[PDB]
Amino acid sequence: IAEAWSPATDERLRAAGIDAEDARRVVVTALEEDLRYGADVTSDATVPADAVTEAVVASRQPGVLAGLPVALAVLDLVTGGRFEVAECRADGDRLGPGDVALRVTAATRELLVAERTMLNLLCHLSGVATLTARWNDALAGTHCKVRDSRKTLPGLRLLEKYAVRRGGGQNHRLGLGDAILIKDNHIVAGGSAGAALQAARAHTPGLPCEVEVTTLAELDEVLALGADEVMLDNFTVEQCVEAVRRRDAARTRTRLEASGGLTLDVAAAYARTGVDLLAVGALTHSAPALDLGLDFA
């Protein structure tokens, strides 16, 4: 029940590397989903308007914590600044069961209004970071990194990319316009993979550029053309080993990125083929939520 939050909160967000205008759109929208049918009828009947309590946000499962500054923004907006923090962990920290991510004090009615919006953000972004961190682990021992994609949930892209970073992964492009990625359907609608790569290089030479191949024949063209980065689409582990052979023999300056048909179990096998990157949509479209709850004193 406020306009926007205090610039003290805006500083907290940009310090963590969160887009503050996007965080505001997400937070305001999520509060409205809960409040559009009227005030918190349950709290209004059972909790005095004057009550103040302490609240602890803690995890029940282990994983990586993301979104604590955005959760704090929710609470700033609902209380209008009238809260005091005692303890907090930082986004990126590992959490075990019972670990305290936040201990804050505010008016009881406003915590009760904010908590579900705080926790839905927190449990979701933490799930993303927790899963990204799992994928990074399957790649320990190699030189392979994990990246996300554009397969993000409507409305939560920048926040899901942020959570991916907090879990130790790397972002891909953020949209259709900040980098070139030539896909199957571009090659369906057009000539060949090679023609397409030459067309994007010529048309937009500033932007970084990646081409997605579905066969070894296509891989041969883009290697002949000296492609900067190549994405292997639904290659088997053997096919990737071949693709790494053909890459190492031509331009060792070509990054190979595997995508499609990847699961956490086979992540280790792929990393071992010598490909440089795994692009995993599951990071942001099928990230199971981390169990965090908010308990009162």
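The first residue of the sequence shown is number 1, and the count goes up from there.
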Avg C-alpha B-factor, entry values, 230-238 vs 28-36, higher side is 230-238
Of 193-201 and 154-162, the stretch with the higher mean C-alpha B-factor in the deposited entry is 193-201
From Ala16, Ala279, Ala23, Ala289, pick the one with the largest CA B-factor in the entry? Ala16
Sorting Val47, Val244, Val57, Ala66 by Cα temperature factor from the record, which one lands on top? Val244
Going by the entry, which third of its chain does the Cα temperature factor of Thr215 land in? highest
Once the chain's modelled residues are ordered by C-alpha B factor and cut into thirds, is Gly177 in the lowest, middle or highest one? middle
Position of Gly141 among the chain's modelled residues by C-alpha B-factor, lowest, middle or highest third: highest
Divide the modelled residues of the chain into thirds by Cα B-factor and specify which third, lowest, middle or highest, holds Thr79. middle
Among modelled residues of the same chain, the CA temperature factor third for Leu225: middle
